[PDB]
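For reference, structure_6.pdb (PDB, C-alpha atoms and all ligand atoms):
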ATOM      1  CA  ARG H   1      31.218   0.615 -27.397
ATOM      2  CA  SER H   2      28.521   2.048 -29.529
ATOM      3  CA  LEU H   3      30.794  -0.528 -31.374
ATOM      4  CA  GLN H   4      28.728  -2.514 -33.948
ATOM      5  CA  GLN H   5      26.076   0.006 -34.967
ATOM      6  CA  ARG H   6      23.986   0.958 -31.970
ATOM      7  CA  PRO H   7      25.018   2.796 -28.839
ATOM      8  CA  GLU H   8      26.438   0.535 -26.115
ATOM      9  CA  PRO H   9      26.011   1.243 -22.393
ATOM     10  CA  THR H  10      28.190   4.116 -21.194
ATOM     11  CA  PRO H  11      30.510   3.381 -18.180
ATOM     12  CA  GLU H  12      27.949   5.160 -15.977
ATOM     13  CA  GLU H  13      25.139   2.931 -17.368
ATOM     14  CA  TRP H  14      27.186  -0.234 -16.943
ATOM     15  CA  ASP H  15      27.348   0.808 -13.201
ATOM     16  CA  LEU H  16      23.550   1.439 -12.998
ATOM     17  CA  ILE H  17      22.963  -1.832 -14.893
ATOM     18  CA  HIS H  18      25.199  -3.822 -12.396
ATOM     19  CA  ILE H  19      23.456  -2.242  -9.425
ATOM     20  CA  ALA H  20      19.886  -3.004 -10.761
ATOM     21  CA  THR H  21      20.777  -6.598 -11.758
ATOM     22  CA  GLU H  22      22.205  -7.499  -8.379
ATOM     23  CA  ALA H  23      19.253  -5.827  -6.747
ATOM     24  CA  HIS H  24      16.915  -8.116  -8.739
ATOM     25  CA  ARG H  25      19.014 -11.312  -8.347
ATOM     26  CA  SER H  26      19.275 -10.943  -4.585
ATOM     27  CA  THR H  27      15.527 -10.355  -4.329
ATOM     28  CA  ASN H  28      14.260 -12.812  -7.002
ATOM     29  CA  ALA H  29      12.917 -16.093  -5.443
ATOM     30  CA  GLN H  30      14.682 -19.390  -6.172
ATOM     31  CA  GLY H  31      17.144 -17.764  -8.659
ATOM     32  CA  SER H  32      17.930 -20.159 -11.578
ATOM     33  CA  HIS H  33      16.686 -23.356  -9.745
ATOM     34  CA  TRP H  34      12.846 -22.611  -9.818
ATOM     35  CA  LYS H  35      12.050 -25.310 -12.389
ATOM     36  CA  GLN H  36      13.190 -28.094  -9.933
ATOM     37  CA  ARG H  37      11.855 -26.581  -6.669
ATOM     38  CA  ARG H  38       8.320 -25.610  -7.843
ATOM     39  CA  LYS H  39       5.327 -27.669  -6.731
ATOM     40  CA  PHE H  40       2.093 -27.542  -8.760
ATOM     41  CA  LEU H  41      -1.023 -26.235  -7.060
ATOM     42  CA  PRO H  42      -3.281 -29.326  -6.567
ATOM     43  CA  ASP H  43      -5.739 -29.762  -9.502
ATOM     44  CA  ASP H  44      -8.832 -29.923  -7.215
ATOM     45  CA  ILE H  45      -7.984 -26.300  -6.054
ATOM     46  CA  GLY H  46      -9.112 -23.407  -8.353
ATOM     47  CA  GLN H  47     -12.094 -25.114  -9.999
ATOM     48  CA  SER H  48     -14.814 -23.685  -7.713
ATOM     49  CA  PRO H  49     -15.468 -19.915  -8.323
ATOM     50  CA  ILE H  50     -18.474 -18.977  -6.020
ATOM     51  CA  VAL H  51     -18.066 -15.444  -4.543
ATOM     52  CA  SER H  52     -19.566 -12.876  -7.073
ATOM     53  CA  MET H  53     -17.696 -10.026  -8.605
ATOM     54  CA  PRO H  54     -19.146  -6.928 -10.374
ATOM     55  CA  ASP H  55     -17.806  -8.118 -13.781
ATOM     56  CA  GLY H  56     -19.197 -11.742 -13.366
ATOM     57  CA  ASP H  57     -15.968 -13.706 -13.029
ATOM     58  CA  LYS H  58     -16.441 -15.248  -9.561
ATOM     59  CA  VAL H  59     -13.866 -15.933  -6.777
ATOM     60  CA  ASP H  60     -12.841 -19.385  -5.308
ATOM     61  CA  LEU H  61     -12.088 -18.774  -1.569
ATOM     62  CA  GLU H  62      -9.783 -21.755  -1.147
ATOM     63  CA  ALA H  63      -7.657 -20.596  -4.158
ATOM     64  CA  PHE H  64      -7.670 -16.954  -2.929
ATOM     65  CA  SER H  65      -6.349 -18.311   0.375
ATOM     66  CA  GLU H  66      -3.550 -20.330  -1.353
ATOM     67  CA  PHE H  67      -2.351 -17.317  -3.393
ATOM     68  CA  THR H  68      -2.637 -14.847  -0.435
ATOM     69  CA  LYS H  69      -0.907 -17.235   2.093
ATOM     70  CA  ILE H  70       2.340 -16.673   0.035
ATOM     71  CA  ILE H  71       1.800 -13.066  -1.113
ATOM     72  CA  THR H  72       3.443 -11.189   1.778
ATOM     73  CA  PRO H  73       6.955 -12.484   1.127
ATOM     74  CA  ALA H  74       6.459 -11.720  -2.573
ATOM     75  CA  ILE H  75       5.401  -8.082  -2.010
ATOM     76  CA  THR H  76       8.296  -7.934   0.573
ATOM     77  CA  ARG H  77      10.864  -8.922  -2.067
ATOM     78  CA  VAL H  78       9.636  -6.050  -4.365
ATOM     79  CA  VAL H  79      10.140  -3.560  -1.470
ATOM     80  CA  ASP H  80      13.586  -5.129  -1.038
ATOM     81  CA  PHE H  81      14.397  -4.737  -4.773
ATOM     82  CA  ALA H  82      13.482  -1.029  -4.733
ATOM     83  CA  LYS H  83      15.622  -0.348  -1.632
ATOM     84  CA  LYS H  84      18.746  -1.696  -3.316
ATOM     85  CA  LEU H  85      18.421   1.016  -5.932
ATOM     86  CA  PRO H  86      20.227   4.244  -4.835
ATOM     87  CA  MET H  87      17.858   6.576  -6.755
ATOM     88  CA  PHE H  88      14.966   4.946  -4.808
ATOM     89  CA  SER H  89      16.485   4.910  -1.229
ATOM     90  CA  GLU H  90      17.345   8.609  -1.406
ATOM     91  CA  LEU H  91      13.693   9.658  -2.051
ATOM     92  CA  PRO H  92      11.350  10.798   0.779
ATOM     93  CA  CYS H  93       9.661   7.802   2.264
ATOM     94  CA  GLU H  94       6.174   9.259   1.157
ATOM     95  CA  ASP H  95       7.412   9.098  -2.385
ATOM     96  CA  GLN H  96       8.889   5.593  -1.763
ATOM     97  CA  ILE H  97       5.478   4.404  -0.519
ATOM     98  CA  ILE H  98       3.548   5.818  -3.505
ATOM     99  CA  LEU H  99       5.956   4.310  -6.079
ATOM    100  CA  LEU H 100       5.791   0.802  -4.520
ATOM    101  CA  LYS H 101       1.985   0.850  -4.496
ATOM    102  CA  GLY H 102       2.049   2.060  -8.114
ATOM    103  CA  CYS H 103       4.290  -0.760  -9.381
ATOM    104  CA  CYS H 104       3.952  -3.681  -6.957
ATOM    105  CA  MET H 105       1.520  -5.703  -9.140
ATOM    106  CA  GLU H 106       3.501  -4.752 -12.231
ATOM    107  CA  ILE H 107       6.723  -6.176 -10.919
ATOM    108  CA  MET H 108       5.166  -9.329  -9.324
ATOM    109  CA  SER H 109       3.274 -10.005 -12.624
ATOM    110  CA  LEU H 110       6.479  -9.611 -14.652
ATOM    111  CA  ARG H 111       8.267 -11.948 -12.296
ATOM    112  CA  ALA H 112       5.537 -14.639 -12.745
ATOM    113  CA  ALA H 113       5.364 -13.991 -16.576
ATOM    114  CA  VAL H 114       9.185 -14.605 -17.116
ATOM    115  CA  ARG H 115       8.539 -18.027 -15.488
ATOM    116  CA  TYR H 116       5.939 -19.040 -17.930
ATOM    117  CA  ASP H 117       6.528 -22.754 -18.793
ATOM    118  CA  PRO H 118       5.200 -23.608 -22.350
ATOM    119  CA  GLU H 119       5.286 -27.422 -22.031
ATOM    120  CA  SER H 120       2.976 -27.615 -18.907
ATOM    121  CA  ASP H 121       1.281 -24.220 -19.774
ATOM    122  CA  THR H 122       1.917 -22.748 -16.233
ATOM    123  CA  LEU H 123       3.125 -19.618 -14.424
ATOM    124  CA  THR H 124       5.411 -20.080 -11.426
ATOM    125  CA  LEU H 125       4.491 -18.029  -8.368
ATOM    126  CA  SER H 126       7.425 -17.093  -6.137
ATOM    127  CA  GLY H 127       9.538 -19.754  -7.992
ATOM    128  CA  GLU H 128       7.708 -22.418  -5.948
ATOM    129  CA  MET H 129       4.018 -22.731  -7.014
ATOM    130  CA  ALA H 130       3.224 -23.676 -10.576
ATOM    131  CA  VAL H 131      -0.354 -22.601 -11.487
ATOM    132  CA  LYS H 132      -2.691 -23.079 -14.517
ATOM    133  CA  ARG H 133      -4.733 -20.380 -16.273
ATOM    134  CA  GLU H 134      -7.984 -21.489 -14.484
ATOM    135  CA  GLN H 135      -6.607 -21.727 -10.937
ATOM    136  CA  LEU H 136      -5.120 -18.145 -11.051
ATOM    137  CA  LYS H 137      -8.161 -16.572 -12.682
ATOM    138  CA  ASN H 138     -10.570 -18.273 -10.208
ATOM    139  CA  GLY H 139      -8.441 -17.290  -7.223
ATOM    140  CA  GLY H 140      -9.101 -13.658  -7.466
ATOM    141  CA  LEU H 141      -7.453 -12.256 -10.583
ATOM    142  CA  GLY H 142     -10.103 -12.949 -13.210
ATOM    143  CA  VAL H 143      -9.054 -11.708 -16.668
ATOM    144  CA  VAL H 144      -5.823 -10.211 -15.190
ATOM    145  CA  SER H 145      -4.605 -13.848 -15.134
ATOM    146  CA  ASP H 146      -5.424 -14.287 -18.907
ATOM    147  CA  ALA H 147      -3.427 -11.017 -19.346
ATOM    148  CA  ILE H 148      -0.247 -12.321 -17.474
ATOM    149  CA  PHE H 149      -0.474 -15.667 -19.251
ATOM    150  CA  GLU H 150      -0.751 -13.823 -22.623
ATOM    151  CA  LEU H 151       2.290 -11.589 -21.616
ATOM    152  CA  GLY H 152       4.295 -14.675 -20.438
ATOM    153  CA  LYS H 153       3.609 -16.684 -23.573
ATOM    154  CA  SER H 154       4.767 -13.696 -25.782
ATOM    155  CA  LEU H 155       7.948 -13.089 -23.684
ATOM    156  CA  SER H 156       9.362 -16.601 -24.367
ATOM    157  CA  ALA H 157      10.430 -15.340 -27.830
ATOM    158  CA  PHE H 158      12.200 -12.323 -26.123
ATOM    159  CA  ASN H 159      14.704 -14.382 -24.102
ATOM    160  CA  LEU H 160      15.021 -11.737 -21.408
ATOM    161  CA  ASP H 161      17.980 -12.202 -19.136
ATOM    162  CA  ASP H 162      18.138 -11.006 -15.454
ATOM    163  CA  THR H 163      19.349  -7.502 -16.347
ATOM    164  CA  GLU H 164      16.501  -6.722 -18.787
ATOM    165  CA  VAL H 165      14.005  -7.914 -16.050
ATOM    166  CA  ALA H 166      15.800  -5.875 -13.405
ATOM    167  CA  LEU H 167      15.745  -2.774 -15.674
ATOM    168  CA  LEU H 168      12.178  -3.396 -16.666
ATOM    169  CA  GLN H 169      11.332  -3.429 -12.885
ATOM    170  CA  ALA H 170      13.381  -0.258 -12.321
ATOM    171  CA  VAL H 171      11.502   1.580 -15.148
ATOM    172  CA  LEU H 172       8.172   0.330 -13.717
ATOM    173  CA  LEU H 173       9.267   1.645 -10.222
ATOM    174  CA  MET H 174      10.499   5.038 -11.272
ATOM    175  CA  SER H 175       7.278   6.135 -12.815
ATOM    176  CA  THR H 176       5.687   9.588 -12.448
ATOM    177  CA  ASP H 177       1.991   8.765 -13.270
ATOM    178  CA  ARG H 178       0.978   8.508  -9.667
ATOM    179  CA  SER H 179      -0.817  10.981  -7.448
ATOM    180  CA  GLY H 180       0.852  12.808  -4.584
ATOM    181  CA  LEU H 181       4.542  12.766  -5.445
ATOM    182  CA  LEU H 182       7.009  15.329  -4.007
ATOM    183  CA  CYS H 183      10.137  14.771  -6.107
ATOM    184  CA  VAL H 184       8.579  14.507  -9.504
ATOM    185  CA  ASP H 185      11.656  15.734 -11.485
ATOM    186  CA  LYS H 186      14.208  13.549  -9.678
ATOM    187  CA  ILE H 187      11.986  10.540 -10.451
ATOM    188  CA  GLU H 188      11.509  11.425 -14.220
ATOM    189  CA  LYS H 189      15.286  12.040 -14.476
ATOM    190  CA  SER H 190      15.983   8.731 -12.759
ATOM    191  CA  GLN H 191      13.462   6.912 -15.037
ATOM    192  CA  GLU H 192      15.051   8.499 -18.187
ATOM    193  CA  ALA H 193      18.509   7.215 -17.015
ATOM    194  CA  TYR H 194      17.199   3.703 -16.631
ATOM    195  CA  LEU H 195      15.356   3.838 -19.965
ATOM    196  CA  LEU H 196      18.540   4.867 -21.790
ATOM    197  CA  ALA H 197      20.702   2.329 -19.954
ATOM    198  CA  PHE H 198      17.989  -0.302 -20.704
ATOM    199  CA  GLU H 199      17.944   0.554 -24.418
ATOM    200  CA  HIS H 200      21.747   0.442 -24.713
ATOM    201  CA  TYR H 201      21.848  -2.963 -22.885
ATOM    202  CA  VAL H 202      19.263  -4.284 -25.354
ATOM    203  CA  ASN H 203      21.621  -2.960 -28.016
ATOM    204  CA  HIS H 204      24.544  -4.876 -26.423
ATOM    205  CA  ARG H 205      22.447  -8.094 -26.272
ATOM    206  CA  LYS H 206      21.728  -8.242 -30.081
ATOM    207  CA  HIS H 207      18.409 -10.013 -30.009
ATOM    208  CA  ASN H 208      17.398 -12.123 -32.996
ATOM    209  CA  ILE H 209      13.930 -10.387 -33.211
ATOM    210  CA  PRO H 210      13.657  -7.254 -35.452
ATOM    211  CA  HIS H 211      12.435  -3.975 -33.761
ATOM    212  CA  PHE H 212      13.116  -5.554 -30.268
ATOM    213  CA  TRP H 213      13.138  -2.318 -28.189
ATOM    214  CA  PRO H 214       9.657  -0.792 -29.129
ATOM    215  CA  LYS H 215       8.230  -4.345 -28.909
ATOM    216  CA  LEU H 216       9.692  -4.523 -25.377
ATOM    217  CA  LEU H 217       8.412  -1.056 -24.466
ATOM    218  CA  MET H 218       4.999  -2.180 -25.550
ATOM    219  CA  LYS H 219       5.276  -5.025 -23.031
ATOM    220  CA  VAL H 220       5.874  -2.266 -20.412
ATOM    221  CA  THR H 221       2.378  -0.852 -21.321
ATOM    222  CA  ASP H 222       0.804  -4.296 -20.997
ATOM    223  CA  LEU H 223       2.190  -4.503 -17.420
ATOM    224  CA  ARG H 224       0.864  -1.095 -16.502
ATOM    225  CA  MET H 225      -2.524  -2.263 -17.799
ATOM    226  CA  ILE H 226      -2.321  -5.513 -15.813
ATOM    227  CA  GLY H 227      -1.439  -3.207 -12.812
ATOM    228  CA  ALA H 228      -4.507  -0.927 -13.342
ATOM    229  CA  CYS H 229      -6.948  -3.903 -13.795
ATOM    230  CA  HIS H 230      -5.704  -5.521 -10.656
ATOM    231  CA  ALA H 231      -6.216  -2.256  -8.660
ATOM    232  CA  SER H 232      -9.871  -2.155 -10.011
ATOM    233  CA  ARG H 233     -10.346  -5.855  -9.239
ATOM    234  CA  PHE H 234      -8.727  -5.513  -5.757
ATOM    235  CA  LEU H 235     -11.150  -2.733  -4.793
ATOM    236  CA  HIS H 236     -14.116  -5.006  -5.706
ATOM    237  CA  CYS H 237     -12.735  -7.847  -3.625
ATOM    238  CA  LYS H 238     -12.345  -5.603  -0.656
ATOM    239  CA  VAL H 239     -16.123  -4.938  -1.124
ATOM    240  CA  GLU H 240     -17.202  -8.577  -1.477
ATOM    241  CA  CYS H 241     -15.006 -10.234   1.214
ATOM    242  CA  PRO H 242     -14.114  -9.644   4.859
ATOM    243  CA  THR H 243     -10.831  -8.054   6.021
ATOM    244  CA  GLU H 244      -9.719 -11.205   7.703
ATOM    245  CA  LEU H 245      -9.094 -12.897   4.404
ATOM    246  CA  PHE H 246      -6.522 -10.194   3.364
ATOM    247  CA  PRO H 247      -2.932 -10.306   4.818
ATOM    248  CA  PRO H 248      -2.108  -6.923   6.458
ATOM    249  CA  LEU H 249       0.667  -6.138   3.832
ATOM    250  CA  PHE H 250      -1.613  -7.113   0.874
ATOM    251  CA  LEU H 251      -4.145  -4.579   2.210
ATOM    252  CA  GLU H 252      -1.455  -1.952   2.910
ATOM    253  CA  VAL H 253      -0.124  -2.105  -0.716
ATOM    254  CA  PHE H 254      -3.415  -2.246  -2.669
ATOM    255  CA  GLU H 255      -5.844  -0.374  -0.366
TER     256      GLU H 255
HETATM  257  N1  LIG U 301       5.677 -14.650  -9.226
HETATM  258  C1  LIG U 301       5.984 -13.555  -8.310
HETATM  259  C2  LIG U 301       5.127 -13.433  -7.059
HETATM  260  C3  LIG U 301       3.656 -13.467  -7.348
HETATM  261  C4  LIG U 301       2.712 -13.859  -6.614
HETATM  262  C5  LIG U 301       1.485 -14.081  -6.456
HETATM  263  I1  LIG U 301       0.489 -14.767  -4.760
HETATM  264  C6  LIG U 301       0.821 -13.735  -7.642
HETATM  265  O1  LIG U 301      -0.558 -13.871  -7.685
HETATM  266  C7  LIG U 301      -1.397 -12.784  -7.212
HETATM  267  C8  LIG U 301      -1.030 -11.469  -7.078
HETATM  268  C9  LIG U 301      -2.055 -10.870  -6.656
HETATM  269  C10 LIG U 301      -3.286 -10.916  -6.283
HETATM  270  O2  LIG U 301      -4.205  -9.929  -5.962
HETATM  271  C11 LIG U 301      -3.555 -12.290  -6.343
HETATM  272  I2  LIG U 301      -5.399 -13.030  -5.768
HETATM  273  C12 LIG U 301      -2.561 -12.891  -6.831
HETATM  274  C13 LIG U 301       1.608 -13.224  -8.737
HETATM  275  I3  LIG U 301       0.789 -12.603 -10.673
HETATM  276  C14 LIG U 301       3.042 -13.112  -8.544
HETATM  277  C15 LIG U 301       7.438 -13.554  -7.913
HETATM  278  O3  LIG U 301       8.276 -14.350  -8.361
HETATM  279  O4  LIG U 301       7.772 -12.721  -7.094
END
For the file at hand, write its structure as structure tokens.
Amino acid sequence: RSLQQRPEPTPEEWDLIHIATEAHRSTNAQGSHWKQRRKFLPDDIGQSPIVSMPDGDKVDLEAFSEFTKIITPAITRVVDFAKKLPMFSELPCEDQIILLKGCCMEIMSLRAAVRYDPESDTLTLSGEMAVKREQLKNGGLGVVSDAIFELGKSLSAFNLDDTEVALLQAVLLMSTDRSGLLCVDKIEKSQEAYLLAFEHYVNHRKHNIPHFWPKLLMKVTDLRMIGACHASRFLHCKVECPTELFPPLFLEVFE
């Protein structure tokens, strides 16, 4: 360890890595059998954008409905992921709440993006619903969909395993650029530990791409950006459409 040229995970990092990975696996829909269980979203759904949005990319109500009918269990599984992480569970529940809201979209988007299928040109939502670029964009997301598609297409070269996704999620979670946090230092400290463990795991993996780590960290920024666009776009939807169309937990996370 450190053994070939680049530092390997420490024993303490191996532990943190194992805990994060299992946290992700146990909360990640349809594990390694998503390619056989997924049903495509019918091609007549997603083609009819008619509710206006401030930026001019309209919303298709039927598609919004399809995506939001399945969103609660998806958000629920991100809450579940976070809770299996000891540095998350031991925070005040105020802090817990703020962190989940700050990273929910980021983690859900990542999870869809790692399930980008090149041959059909689709993302898989919750390991069960394979969607095209147009359907997802028209259903609410607008250009955020082009962003997750663009991220998913570029990640196929990266060959991320379950651990790098889990650690990516954990770094997205433990982030201090949110308003209203109590335990700011404990969070930074916990993020730093994941980042280092992450880096050293990437070292252990020996990817065939040069400069893998900074390339990966740049994919982090893309997610945060996807996250911030969605929070802008969510706010506009809440303005255009009635409450009744939004599942209580969807509202609770993004409102
Ligand atoms: N693929 C994920 C779950 C996941 C689910 C859904 I519904 C998604 O579409 C969204 C999200 C937000 C919105 O505001 C709208 I409208 C749509 C995405 I991107 C991801 C997983 O495996 O957990």
Using all atoms listed in the file, find each residue with an atom at most 6 Å away from ligand LIG 301 (chain U) and format the answer as a PyMOL selection string.
chain H and resi 29+64+67-68+70-71+74+108-109+111-112+124-127+139-141
Could you state which residues are captured by the PyMOL selection byres (((chain H and resi 60) around 9) and not hetatm) in this file, as a ChimeraX atom specification?
/H:45-51,58-59,61-65,135,138-140
Might you spell out which residues the PyMOL selection byres (((chain H and resi 6-8) around 10) and not hetatm) would select in the displayed file, as a list in words?
residues 1, 2, 3, 4, 5, 9, 10, 11, 13, 14, 196, 197, 199, 200, 201, 202, 203, 204, 205 and 206 of chain H
What is the distance, in Å and to one decimal place, between atom CA of residue H:176 and atom CA of residue H:84?
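Between these atoms lies a distance of 19.5 Å.
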Show which residues sit within 12 Å of residue H:154, as an NGL selection string. Count all atoms listed in the file, and ignore same-chain residues fewer than 3 positions away.
:H and (110 or 113-118 or 147-151 or 157-160 or 215-216 or 218-219 or 222)
Selection near residue H:171, 10 Å with only C-alpha atoms, sequence-local residues under 3 positions removed, as a JSON list (two decimals) with C-alpha atoms, in the frame of the given file:
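The file below, result_1.json, is the result:
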[["chain", "number", "residue", "atom", "x", "y", "z"],
["H", 103, "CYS", "CA", 4.29, -0.76, -9.38],
["H", 165, "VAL", "CA", 14.00, -7.91, -16.05],
["H", 166, "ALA", "CA", 15.80, -5.88, -13.40],
["H", 167, "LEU", "CA", 15.74, -2.77, -15.67],
["H", 168, "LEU", "CA", 12.18, -3.40, -16.67],
["H", 174, "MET", "CA", 10.50, 5.04, -11.27],
["H", 175, "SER", "CA", 7.28, 6.14, -12.82],
["H", 188, "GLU", "CA", 11.51, 11.42, -14.22],
["H", 190, "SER", "CA", 15.98, 8.73, -12.76],
["H", 191, "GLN", "CA", 13.46, 6.91, -15.04],
["H", 192, "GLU", "CA", 15.05, 8.50, -18.19],
["H", 193, "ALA", "CA", 18.51, 7.22, -17.02],
["H", 194, "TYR", "CA", 17.20, 3.70, -16.63],
["H", 195, "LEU", "CA", 15.36, 3.84, -19.96],
["H", 198, "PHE", "CA", 17.99, -0.30, -20.70],
["H", 220, "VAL", "CA", 5.87, -2.27, -20.41]]
Do you know which residues the PyMOL selection byres (((chain H and resi 83) around 12) and not hetatm) returns on this file, as an mmCIF file with C-alpha atoms, in the frame of the given file?
data_model
loop_
_atom_site.group_PDB
_atom_site.id
_atom_site.type_symbol
_atom_site.label_atom_id
_atom_site.label_comp_id
_atom_site.auth_asym_id
_atom_site.auth_seq_id
_atom_site.Cartn_x
_atom_site.Cartn_y
_atom_site.Cartn_z
ATOM 1 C CA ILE H 19 23.456 -2.242 -9.425
ATOM 2 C CA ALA H 20 19.886 -3.004 -10.761
ATOM 3 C CA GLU H 22 22.205 -7.499 -8.379
ATOM 4 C CA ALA H 23 19.253 -5.827 -6.747
ATOM 5 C CA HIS H 24 16.915 -8.116 -8.739
ATOM 6 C CA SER H 26 19.275 -10.943 -4.585
ATOM 7 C CA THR H 27 15.527 -10.355 -4.329
ATOM 8 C CA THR H 76 8.296 -7.934 0.573
ATOM 9 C CA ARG H 77 10.864 -8.922 -2.067
ATOM 10 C CA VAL H 78 9.636 -6.050 -4.365
ATOM 11 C CA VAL H 79 10.140 -3.560 -1.470
ATOM 12 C CA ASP H 80 13.586 -5.129 -1.038
ATOM 13 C CA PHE H 81 14.397 -4.737 -4.773
ATOM 14 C CA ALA H 82 13.482 -1.029 -4.733
ATOM 15 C CA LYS H 84 18.746 -1.696 -3.316
ATOM 16 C CA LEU H 85 18.421 1.016 -5.932
ATOM 17 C CA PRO H 86 20.227 4.244 -4.835
ATOM 18 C CA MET H 87 17.858 6.576 -6.755
ATOM 19 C CA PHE H 88 14.966 4.946 -4.808
ATOM 20 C CA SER H 89 16.485 4.910 -1.229
ATOM 21 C CA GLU H 90 17.345 8.609 -1.406
ATOM 22 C CA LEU H 91 13.693 9.658 -2.051
ATOM 23 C CA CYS H 93 9.661 7.802 2.264
ATOM 24 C CA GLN H 96 8.889 5.593 -1.763
ATOM 25 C CA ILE H 97 5.478 4.404 -0.519
ATOM 26 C CA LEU H 99 5.956 4.310 -6.079
ATOM 27 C CA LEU H 100 5.791 0.802 -4.520
ATOM 28 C CA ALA H 170 13.381 -0.258 -12.321
ATOM 29 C CA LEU H 173 9.267 1.645 -10.222
#
Using only C-alpha atoms, pick whichever of H:92, H:227, H:56, H:42 has the shortest atom-to-atom distance to residue H:145.
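The shortest atom-to-atom distance to residue H:145 comes from H:227.
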My list of candidates is H:129, H:225, H:17, H:187. Which is closest to residue H:163 when distances are computed with only C-alpha atoms?
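Distance minimum relative to residue H:163 lands on H:17.
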Would you compute the distance between atom CA of residue H:36 and atom CA of residue H:130? Give it in Å to one decimal.
10.9 Å
Protein and nucleic acid residues near (2.3, -29.1, -12.4) (cut-off 8 Å, only C-alpha atoms) as a ChimeraX atom specification
/H:39-41,120,122,130-131
Could you tell me how far atom CA of residue H:28 lies from atom CA of residue H:153, in Å and to one decimal?
20.1 Å
Restricting the calculation to only C-alpha atoms: of H:121, H:251, H:169, H:30, which residue gets closest to residue H:237?
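With only C-alpha atoms as the atom set, the closest residue is H:251.
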Using only C-alpha atoms, can you tell me which of H:236, H:101, H:25, H:132 comes closest to residue H:252?
H:101
